[PDB]
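Residue numbers (mature numbering (1 follows the signal peptide of the UniProt record, and there is no 0)): 3 to 551.
Input: a single structure, listed below in structure tokens.
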Ligand SMILES: OC[C@H]1O[C@@H](O[C@H]2[C@@H](OC[C@H]3O[C@@H](O[C@H]4[C@H](O)[C@@H](O)[C@H](O[C@H]5[C@H](O)[C@@H](O)[C@@H](O)O[C@@H]5CO[C@H]5OC[C@@H](O)[C@H](O)[C@H]5O)O[C@@H]4CO[C@H]4OC[C@@H](O)[C@H](O)[C@H]4O[C@@H]4O[C@H](CO)[C@H](O)[C@H](O)[C@H]4O)[C@H](O)[C@@H](O)[C@@H]3O[C@@H]3O[C@H](CO)[C@@H](O)[C@H](O)[C@H]3O)OC[C@@H](O)[C@@H]2O)[C@H](O)[C@@H](O)[C@H]1O
Ligand SMILES: *[C@@H]1O[C@H](CO)[C@@H](O[C@@H]2O[C@H](CO)[C@@H](O[C@@H]3O[C@H](CO)[C@@H](O)[C@H](O[C@H]4O[C@H](CO)[C@@H](O)[C@H](O)[C@@H]4O[C@H]4O[C@H](CO)[C@@H](O)[C@H](O)[C@@H]4O[C@H]4O[C@H](CO)[C@@H](O)[C@H](O)[C@@H]4O)[C@@H]3O)[C@H](O)[C@H]2NC(C)=O)[C@H](O)[C@H]1NC(C)=O
Ligand SMILES: *[C@@H]1O[C@H](CO)[C@@H](O[C@@H]2O[C@H](CO)[C@@H](O[C@@H]3O[C@H](CO[C@H]4O[C@H](CO)[C@@H](O)[C@H](O[C@H]5O[C@H](CO)[C@@H](O)[C@H](O)[C@@H]5O)[C@@H]4O)[C@@H](O)[C@H](O)[C@@H]3O)[C@H](O)[C@H]2NC(C)=O)[C@H](O)[C@H]1NC(C)=O
Ligand SMILES: OC[C@H]1O[C@@H](O[C@H]2[C@@H](OC[C@H]3O[C@@H](O)[C@H](O)[C@@H](O)[C@@H]3O)OC[C@@H](O)[C@@H]2O)[C@H](O)[C@@H](O)[C@H]1O
Ligand SMILES: *[C@@H]1O[C@H](CO)[C@@H](O)[C@H](O)[C@H]1NC(C)=O
Ligand SMILES: *[C@@H]1O[C@H](CO)[C@@H](O)[C@H](O)[C@H]1NC(C)=O
Ligand SMILES: *[C@H]1O[C@H](CO)[C@@H](O)[C@H](O)[C@@H]1O
């Protein structure tokens, strides 16, 4: 096309500096078929005001094109209303000063999967080229604040697959350059297989004769077990944990020693991850992206962090951690030894119904900050050395004080929380929880009687309305799934995995239809143990439920 404005060209190194840090508009234009098709409503522009006001500098804009094609071979014409909607949203972002990265997203596995046995790699490459030519035509006159990203986490298993991903980068660069406008000088993000650090390192090969300023983008979702709540992993922050994280990132940077690198998506989601672990994890990831000079962009599906209807960040602590790579954060300590028979977290004051109200000492990692003040969610400010003292790295709360919030007999549930202001960094939040062992509506069922769908089991939450994990054992001792978890310690063995096997909502614990299929195929009554926070042992704060067959 023929452009009218000015385009203030910017180097890839400068673009990557200036986006630090970003936020993903997840589950919006990448949702299928349409933008309101999943959990998010139609995209509204106040969202980017919230994002800017939080300290983000850029918005990553995932877009799924799959269901907006009006023609197939040979032209693969994109719905011109979809092209205009994407252009409109980019205008919403850049007009507020936020940099944008727009991509091709869930198309990666919906039609552009090179690893799937019956893929017309010919056809995939044409459609991809036609797609990015039409994208690149519509956006050709966008300013230098808008970058293009080749394709999201493309499936890639072997080195021959990885060579195909390299072609994707080349096809992309050719199409957007044929499109014209300012595209020849637009910052682009090239990708490796799965946007995985090791696959990018193993198989990425820079497009020959590349003329665009470019940067590398990868996604980080490790360690799998803590990030995806697999096999009962609810702690994070040990020497080996931090080492596994720093090594993974360092191996990527060592292989791309002078390349601008964008960490395009990462998240320990507040939905499923314990808060003290999650804050330790985000703090450390931020510490490492500073070390290895990578620009982070947090993944947010709309339920993870910002509530676009209210502007409340569900987890303001992570956002503080991520929006300031130039600050030291004081964090609550927590168990990190997976062989410990009890798990504690200073993100909570816990009190069990029916037990006496005691003093609570919360060990914290101060990191040479000082505690300035504490304010409860009712607006009352606690009196230092009266409602709390600080001994070493321990913050201690007197029983007389805490009993003004809960008693031996008050109802379970979330009481107010305490916000700790420090010398510097984020303000962590300690959540008072009055807890009791939950109770389940049913204690067993026939597999036949509950098939046709998932198993939703009504529950009386008593404290935290969160499922920590679910243990699963056939009547004869064998693990229902994943026998290797027998090396995972007291809180790991025979446990199963969030979303794949279990879930929960405001009123139920859920075993997925997949899990009830495992019980059928095992031909045995198997016992599920639902587990809740606090994880004070492996039995007390748990409820049992067996599945007959
Ligand atoms: O918060 C996590 C939690 O969400 C719970 O879902 C409730 C909520 O979901 C809405 C729709 O979710 C889609 O799944 C999305 C997911 O929400 C999203 O976060 C995820 O992000 C990816 C991203 O795309 C990647 O590029 C990269 O960034 O990794 C992200 C993953 O991040 C994970 O770890 C960090 C956390 O921050 C994240 O929350 C966590 O998810 O993308 C998925 C999309 O999944 C597809 O793309 C990635 C690919 O690898 C997957 O294999 C692929 O999955 C396929 O998706 C198909 C699409 O339709 C299909 O489901 C296939 O079966 C599946 O294999 C769901 O895909 C979509 O169905 C949800 O929309 C609702 O669906 C219900 C019924 O299905 C409808 O009734 C309703 O109208 C829709 O809104 O909002 C609605 C609520 O009902 C959900 O419960 C979820 O239950 C829970 O398990 C967690 O995932
Ligand atoms: C310390 O304590 C304080 C108080 O004691 C805590 O404050 C509480 O913080 C909560 C979250 O931080 C906050 O909840 C939110 O309140 C707002 C304002 O009224 C409300 O809109 C929010 O509801 C959304 O979020 C919840 C998840 O928390 C969703 O389950 C809910 O459905 C809402 O999400 C829907 O709308 C979003 C915006 O559009 C969508 O993105 C989302 O996908 C979902 O969409 C569905 O419904 C839509 C219609 O709503 C529909 O369009 C769509 O298609 C989907 O079907 C949320 O409740 C509390 O308000 C706040 N409490 C108080 C008293 O202030 C604080 O967090 C504590 N701090 C810590 C660290 O623990
Ligand atoms: C760039 O990134 C890569 C990938 O992340 C980094 O390489 C990995 O580094 C880790 C730790 O340094 C290695 O882990 C150890 O590997 C030992 C040997 O692994 C062999 O088996 C692999 C599987 O087939 C094979 O790929 C690998 O080939 C490599 O080494 C050969 C001999 O040293 C050499 O012939 C090849 O050219 C190739 O470089 C090995 O034969 C294993 O025994 C240990 O137990 C441990 O797990 C990974 O294996 C490495 N993966 C690779 C190389 O694919 C690399 O460090 C990064 N570079 C920088 C500068 O940071
Ligand atoms: O599932 C699609 C694609 O994912 C790549 O995995 C990458 C990715 O992880 C994100 C992705 O992980 C899947 O396992 C989950 O099912 C999905 O919900 C989640 O969004 O980014 C970081 C990498 O560590 C990871 O390998 C695969 O590599 C790719 O082959 C393909 O399978
Ligand atoms: C329990 O039954 C399963 C069903 O196949 C079997 O595989 C397993 O061997 C049995 N348990 C033991 C300890 O052998
Ligand atoms: C659950 O069942 C196991 C044995 O099947 C038992 O050891 C454990 O104490 C039970 N716990 C609860 C809370 O029912
Ligand atoms: C874990 O450990 C803490 C102290 O570090 C206790 O307060 C808690 O009850 C649990 O045993």
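Even for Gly, the Cβ is constructed at its ideal location relative to N, Cα and C.
**Prompt:** With distances taken from CA atoms, which of 517, 390 and 394 is nearest residue 366?
**Reply:** Mapped onto the chain shown, residue 366 falls at position 364. Closest option to residue 366, Cα to Cα, is 394.
**Request:** Could you tell me whether the segment 74-94 touches the segment 111-118, using the rule of 3 or more Cβ pairs below 8 Å?
**Result:** no
**Asked** Does the Cβ of residue 95 have 16 or more other Cβ atoms within 10 Å, making it buried, or fewer, making it exposed?
**Response** By 1-based counting over the chain shown, the position of residue 95 is 93. By the 10 Å Cβ count, residue 95 comes out buried.
**Item:** Beta-carbon spacing of residue 531, residue 549 below 8 Å
**Value:** Taking the chain shown and counting its residues from 1, the one referred to as residue 531 is at position 529. Taking the chain shown and counting its residues from 1, the one referred to as residue 549 is at position 547. At a Cβ-Cβ threshold of 8 Å, residue 531 and residue 549 do not count as neighbours.
**Item:** Which residues DSSP lists as bridging residue 431, in chain order
**Value:** Against the chain shown, residue 431 aligns to sequence position 429. By DSSP's assignment, residue 431 forms a beta bridge with 421.
**Asked** Going straight from the alpha carbon of residue 164 to that of residue 156, what length do you get?
**Response** Reading the chain shown from its first residue, position 162 is the one you call residue 164. Reading the chain shown from its first residue, position 154 is the one you call residue 156. Their Cα atoms are separated by approximately 9 Å.
**Message:** Quick check: residue 328 and residue 439, are their CB atoms within less than 8 Å of each other?
**Reply:** The count along the chain shown starts at 1 and reaches residue 328 at position 326. The count along the chain shown starts at 1 and reaches residue 439 at position 437. Cβ distance not < 8 Å, so residue 328 and residue 439 don't count as in contact.
**Message:** Let's see if you can read the secondary structure: which residues bound the beta strand (DSSP E) around residue 68?
**Reply:** On the chain shown, position 66 is the one that residue 68 refers to. Counting along the chain, residue 68 falls outside any beta strand (DSSP E), and DSSP gives it neither H nor E.
**Request:** Taking all protein chains shown into account, decide if residue 283 is buried (16 or more other Cβ within 10 angstroms of its Cβ) or exposed.
**Result:** As a position in the chain shown, residue 283 is number 281, starting the count at 1. Flag for residue 283 reads buried.
**Prompt:** Leaving out the 5 sequence neighbours to the left and right, which residues in its chain are closer than 6 Å to residue 79 when beta-carbon positions are compared?
**Reply:** Here residue 79 is taken as the residue at index 77 of the chain shown, counted from 1. Closer than 6 Å at the Cβ level, and outside the excluded window around residue 79, lie 72 and 73.
**Asked** In terms of residues, what are the limits of the alpha helix (DSSP H) holding residue 111?
**Response** Along the chain shown, read from residue 1 onward, the residue named residue 111 stands at position 109. Unbroken alpha helix (DSSP H) run through residue 111: 109-112.
**Item:** Which residues DSSP lists as bridging residue 263, in chain order
**Value:** The count along the chain shown starts at 1 and reaches residue 263 at position 261. 218 and 296.
**Prompt:** Thinking C-alpha only, which one of 304, 59, 183 and 124 is nearest residue 40?
**Reply:** Here the question's residue 40 lines up with position 38 in the chain shown. Among 304, 59, 183 and 124, the Cα nearest to that of residue 40 is on 304.
**Item:** Spatial distance of residue 547 from residue 145 (CA atoms)
**Value:** Start at 1 with the first residue of the chain shown, and residue 547 comes out as number 545. Start at 1 with the first residue of the chain shown, and residue 145 comes out as number 143. The straight-line gap from Cα to Cα measures roughly 58 Å.
**Message:** When you compare the CB positions of residue 364 and residue 318, do they come within less than 8 Å of one another, or not?
**Reply:** In the chain shown, counting from the first residue as 1, residue 364 sits at position 362. In the chain shown, counting from the first residue as 1, residue 318 sits at position 316. Inclusion of residue 364 and residue 318 in the CB contact set at 8 Å is not warranted, their separation being larger than that value.
**Message:** Looking at chain C, is there any beta carbon in it that lies within less than 8 Å of the beta carbon of residue 527?
**Reply:** Here there is only one protein chain, and chain C is not present.
**Asked** Comparing alpha-carbon positions, which option in 458, 420, 445 and 415 lies nearest residue 383?
**Response** Against the chain shown, residue 383 aligns to sequence position 381. Cα-wise, what sits closest to residue 383 is 420.
**Prompt:** Who pairs with residue 128 in a beta bridge, going by DSSP?
**Reply:** Stepping through the chain shown from its first residue, residue 128 is reached at position 126. Beta-bridge pairing by DSSP links residue 128 to no other residue.
**Request:** Taking only heavy atoms of ligand 5 into account, decide whether any of them is closer than 7 Å to the Cβ of residue 476.
**Result:** Position 474 of the chain shown, counted from the start, is the residue given in the question as residue 476. Checking the Cβ of residue 476 against ligand 5 gives yes.
**Prompt:** residue 358 by DSSP, collapsed to three states: which one?
**Reply:** Taking the chain shown and counting its residues from 1, the one referred to as residue 358 is at position 356. Looking at residue 358 - three-state DSSP - the assignment turns out to be coil, as it is neither helix nor strand.
**Prompt:** Are residue 372 and residue 429 closer than 8 Å when you measure CB to CB?
**Reply:** Indexing the chain shown from 1 puts residue 372 at position 370. Indexing the chain shown from 1 puts residue 429 at position 427. Not in contact: residue 372 and residue 429 (Cβ atoms no closer than 8 Å).
**Message:** Looking at the strands, I want to know which residues DSSP matches up with residue 62.
**Reply:** Stepping through the chain shown from its first residue, residue 62 is reached at position 60. Looking at the DSSP assignment, residue 62 forms a beta bridge with 26 and 103.
**Asked** Going by DSSP, what residues sit across from residue 473 in a beta bridge?
**Response** Within the chain shown, residue 473 is the residue found at index 471, counting from 1. According to DSSP, residue 473 bridges with 497 and 531.
**Asked** In terms of alpha-carbon separation, which member of 63, 196, 385 and 368 lies closest to residue 376?
**Response** Here residue 376 is taken as the residue at index 374 of the chain shown, counted from 1. Nearest C-alpha to residue 376: 385.
**Message:** When you measure from the CB of residue 203 to every non-hydrogen atom of ligand 3, does any distance come out below 7 Å?
**Reply:** Within the chain shown, the letter at position 201 stands for residue 203. Yes, Cβ of residue 203 sits closer than 7 Å to a heavy atom of ligand 3.
**Asked** Is the distance from the Cβ of residue 434 to the Cβ of residue 414 below 8 Å?
**Response** Here residue 434 refers to the residue found at position 432 of the chain shown. Here residue 414 refers to the residue found at position 412 of the chain shown. Contact flag unset, no.
**Request:** Excluding the 5 residues preceding and the 5 following residue 1 in the sequence, name in chain order all residues of the same chain whose CB lies nearer than 7 Å to its CB.
**Result:** In this structure the chain extends from 3 to 551, so residue 1 is not present and cannot be described.
**Asked** Since residue 277 and residue 186 are thought to touch, with beta carbons under 8 Å apart, how far apart are those beta carbons, to the nearest angstrom?
**Response** Within the chain shown, the letter at position 275 stands for residue 277. Within the chain shown, the letter at position 184 stands for residue 186. About 47 Å separates the two Cβ atoms, so there is no contact after all.
**Item:** Three-way DSSP call (helix, strand, coil) for residue 503 in this model
**Value:** Numbered from its first residue, the chain shown carries residue 503 at position 501. Coil at residue 503, not helix or strand.
**Message:** Tell me whether residue 298, by its Cβ, gets closer than 7 Å to a heavy atom of ligand 4.
**Reply:** Within the chain shown, numbered from 1, the residue matching residue 298 stands at position 296. No.
**Prompt:** Quick one: what's got a C-beta closer than 6 Å to residue 494's C-beta in the same chain, skipping five residues either side?
**Reply:** If you number the chain shown from 1, residue 494 lands on position 492. 233, 234 and 487, listed in sequence order.
**Item:** residue 290 burial status per 10 Å Cβ neighbour count (16 or more: buried)
**Value:** Start at 1 with the first residue of the chain shown, and residue 290 comes out as number 288. Burial call: buried.
**Request:** For my contact list, residue 280 and residue 270 are in at a C-beta cut-off of 8 Å; report their separation, rounded to the angstrom.
**Result:** In the chain shown, counting from the first residue as 1, residue 280 sits at position 278. In the chain shown, counting from the first residue as 1, residue 270 sits at position 268. In this structure, residue 280 and residue 270 form a Cβ contact; the two beta carbons are roughly 4 Å apart against a cut-off of 8 Å.
**Request:** Quickly, what does DSSP pair residue 383 with across the bridge? List them, please.
**Result:** As a working mapping, residue 383 is identified with position 381 in the chain shown. Partner(s): 377.
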